[PDB]
Amino acid sequence: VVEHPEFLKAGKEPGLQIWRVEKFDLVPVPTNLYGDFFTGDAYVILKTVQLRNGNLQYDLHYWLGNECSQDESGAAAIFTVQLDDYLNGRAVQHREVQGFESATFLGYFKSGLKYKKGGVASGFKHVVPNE
Amino acid sequence: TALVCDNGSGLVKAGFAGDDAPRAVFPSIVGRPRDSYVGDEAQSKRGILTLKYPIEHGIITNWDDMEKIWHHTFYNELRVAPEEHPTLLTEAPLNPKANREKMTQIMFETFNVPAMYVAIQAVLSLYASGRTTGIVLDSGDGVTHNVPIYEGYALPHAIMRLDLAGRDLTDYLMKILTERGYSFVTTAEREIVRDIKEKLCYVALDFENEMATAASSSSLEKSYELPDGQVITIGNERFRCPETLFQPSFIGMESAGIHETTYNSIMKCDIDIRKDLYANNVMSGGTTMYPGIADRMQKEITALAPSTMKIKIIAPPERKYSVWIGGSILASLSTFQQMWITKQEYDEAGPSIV
Ligand SMILES: Nc1ncnc2c1ncn2[C@@H]1O[C@H](COP(=O)(O)OP(=O)(O)OP(=O)(O)O)[C@@H](O)[C@H]1O
Ligand SMILES: [Ca+2]
């Protein structure tokens, strides 16, 4: 369980919700920017579907950009498991890698998917063991 | 700032959540006289000390000594007051709850940590690689594990354990090195064999062909300069050492090879997620650092599994600290705040909380 604001807003209504991992945190992407991914970042996508039989459906995808740092891709993966745990585990998890996204993932974006160089910076402080 | 401690059978990896590497890496050894020393200092005075490994095959067996490892970790290594830092500790898969209970009790009752959390080593490694599903080959100094994981959780029935790892390998290299004439018997010389193992050993893509090539030319031979000046030659021992991983028979173990336990482990999981295990073989651990291990495993597993299946081995360049890094990332997340176990909650519920 988490008091994290975004976990409370997750999968409450039919639709698409996108978050970007930023310095070890899940930050919501402006709605108008959906479909634009920074190739150097990592995101978590939650798709909620309306299933007549009052049976809400969830699909969690974590997208990894070619230049995203280890701490980001790791955080995207971990957030996915926690969000799913939060949602009682009812969500099906999917790892999406830049350039090889699943047909399901690509379908979430009517007007195509668009990449763009750049991104937030690693929250990782560099060190060298035994120094 | 949260602390992250990965207590391995041979080395303790320790540091601060947020860093991309452990600041401290030392031997998991405690030495006592005739009132104790730890790690390098314990090894310096090995002459007047009885040395013991508190962690056997990834499982804590000596609590009196484990306590010294943690005291040394916190005070000497990290230079921090345990009472001001939330602490992430790692543990071997299938670790007895009693142990997890003892671990927790010591942290709260003798070091008074404000909060703690215990994570399974293999899962942290998988997270470090940016995955929630896959199967991890975790190989260290005292144990090797095959942990298939689905959506973040280790599949209990399918986990496999193989008590052969780095130490056994060193012991074997030392053994076949004498046969070739040389000789490393004392404790001081065993360090030499470990350096040879880590510098010159490698996994043959094909053991049989390498054995052939080596008996003919000297194209595979590498020279190793001893400290005193001497220069010894190593030939087939380079790939015969690691060969033990795929053929535990060399050291006298009817055990199955790591390619074999990976395949069997995958075979004990729902067939629907098997395609995913096959494409997400992650290796972590010092003992998977050998050059050529990815290629060999890649070939050995497609031989075992049906040919249409796609096999992919992920061997991260820093896989020696993958466990620590995954925990570093985990303990840094804004969400980790809630999953800790507080000293306060422990005072009420006791051991049964971890
Ligand atoms: N480059 C290398 N090549 C081969 N072996 C290496 C290399 N670097 C380290 N090792 C070995 O890998 C082993 C250590 O790993 P790790 O630090 O993974 O062990 P642990 O965490 O100490 O043990 P365990 O996982 O069994 O509880 C050591 O025995 C060491 O000799
Ligand atoms: Ca980034």
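Structure determination for this entry, per the PDB record, employed X-ray crystallography and reached 2.60 Å resolution.

Visitor: In this structure, what is going on with helix α8 (residues 237–246) of chain B? I would like to understand it.
Guide: Along an α-helix, residues three or four apart share an orientation, since each turn contains 3.6 residues. Across the ten residues of α8(B), ten count as buried, placing the element largely inside the fold. Of all the positions in α8(B), only B:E237, B:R238, B:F239, B:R240, B:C241, B:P242, B:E243, B:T244, B:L245 and B:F246 are classed as buried.

Visitor: It is not clear to me how the pattern of salt bridges should be interpreted in this structure. Could you clarify?
Guide: Close approach of charged atoms allows side chains of opposite charge to pair. Residues and elements named next belong to chain B. Under the defined criterion, the tally for this structure stands at 22 salt bridges over all chains. In this structure, the salt-bridge partner of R32 is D35, at a minimum N-O distance of 3.9 Å. By relative accessible area, which is 26% here, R32 ends up partly exposed. The salt bridge partner of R180 is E221, with a shortest N-O separation of 3.6 Å. In this pair, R180 sits in the loop between α5 (166–179) and α6 (187–200) while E221 sits in the loop between α7 (207–216) and β15 (222–225), placing the two residues 41 residues apart along the sequence.

Visitor: How should I be thinking about the interface of chain B and chain A in this particular structure?
Guide: Where interface size is given, it is often the accessible area lost as the parts come together that is meant. With 31 residues of chain B in contact, the opposing surface of chain A contributes 35 residues. At the boundary of chain B with chain A, total buried surface from both sides reaches about 2,700 Å², with 53% on carbon and sulfur atoms. Here A:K125 and B:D19 are joined by a salt bridge, their closest N and O atoms 3.4 Å apart. In this assembly, chain B and chain A are joined by 17 residue pairs in polar contact.

Visitor: I'm lost on unusual backbone geometry in this one. Help?
Guide: A negative phi holds for most residues other than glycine; trans holds for most peptide bonds. Even without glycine at this site, A:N130 takes up a positive phi of about 55°. Note that A:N130 resides in the segment after β7 (114–116). Even without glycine at this site, B:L94 takes up a positive phi of about 70°. Mapping B:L94 onto the fold places it in the loop between β9 (87–91) and α3 (97–109).

Visitor: What should I look at first to understand the coordination of the calcium ion (ligand 2) in this one?
Guide: Between any two of four tetrahedral donors, the ideal angle at the metal is 109.5 degrees; between two of six octahedral donors, it is 90 or 180 degrees. Residue and element names in this part refer to chain A. Bound to the calcium ion (ligand 2) are the protein donor atoms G40 (O), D41 (OD), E72 (OE), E72 (OE) and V120 (O), situated 2.4 to 2.8 Å from the metal. Read N to C, the donor residues that coordinate the calcium ion (ligand 2) are spaced as G-D-x30-E-x47-V. With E72 in helix α2 (residues 70–86) and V120 in the segment after β7, this pair connects stretches of sequence that are 48 residues apart. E72 sits in the buried class, given a relative accessible area of 1%.

Visitor: Before we go on, may I ask you to explain the site of ligand 1 in this structure?
Guide: Residues and elements named next belong to chain B. The local shell around ligand 1 holds 20 residues, among which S9, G10, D141, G142 and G286 are the closest. In the environment of ligand 1, an oxygen atom lies 2.4 Å from a nitrogen or oxygen atom belonging to the side chain of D141. Those elements giving two or more residues to the shell around ligand 1 turn out to be β2 (11–16) and α6. With three residues, α6 is the single largest residue contributor to the shell around ligand 1.

The rules behind the values
- Residues numbered from 1 in each chain as written, not as in the entry; some residues may be left out.
- Chains lettered and ligands numbered in written order.
- Heavy atoms only, no water.
- Buried < 20%, exposed > 50% of the residue type's maximum accessible area, 1.4 Å probe, protein only.
- Helix = DSSP H or I, 4+ residues; strand = E, 2+ residues; numbered from the N terminus.
- Salt bridge = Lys/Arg side-chain N within 4 Å of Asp/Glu carboxyl O.
- Contact = heavy atoms within 4.5 Å.
- Buried area = accessible area lost by both parts, 1.4 Å probe.
- Polar contact = N/O pair within 3.5 Å; in protein donor to acceptor, adjacent residues only side chain to side chain.
- Donors = N, O, S within 2.8 Å, 3.2 Å for Na, K, Ca; no water.
- Near = heavy atom within 4 Å.

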